[PDB]
């Protein structure tokens, strides 16, 4: 699968659901990061674009209470790269996952209605 960053204007950021709909409209989905190689591919997209210091929606979304986090594309949640202390469901409203687009490439759970950049896979 091919990944593509979407870090548009400051008023072009999207909720998790709007970002998923955008990627699905292209025939793909929000990106799942399934291993270190896919993580490095995305990091290199960030360096190539110069889109540093940005947060991006990934396909991480909470399933049932039993399952916890899932990938929107159905991939197994095997590889994980949560930031230390995450996921923390801060204030009980954080059911989607974002990438901090810095060298750590770490994940954080946040409120799905937050406006973020996003990464598609196609």
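Residue numbers count along the first chain shown, from 1. Just so we're on the same page, rigid core means the largest C-alpha set that superposes within 1.5 Å between forms.
For the pair 43 to 51 and 76 to 84, rigid core superposition yields a higher RMS C-alpha distance in 9 other deposited structures of this protein in 76 to 84. RMS Cα deviation from the shown model in 9 other deposited structures of this protein, rigid core fit, is larger for 8 to 16 than for the other stretch of the pair 8 to 16 / 97 to 105.
If you average the C-alpha B-factors over 46 to 54 and over 83 to 91, the higher value belongs to 46 to 54.
The mean C-alpha temperature factor is higher for 5 to 13 when 5 to 13 and 98 to 106 are set side by side. The PDB entry assigns residue 77 a C-alpha temperature factor belonging to the highest third of its chain's modelled residues. For residue 64, the recorded CA temperature factor ranks within the middle third of the chain's modelled residues. Per the PDB record, residue ranking by Cα B-factor puts residue 33 in the middle third of the chain. Among all modelled residues in this chain, the alpha-carbon of residue 122 has a temperature factor (C-alpha) in the highest third.
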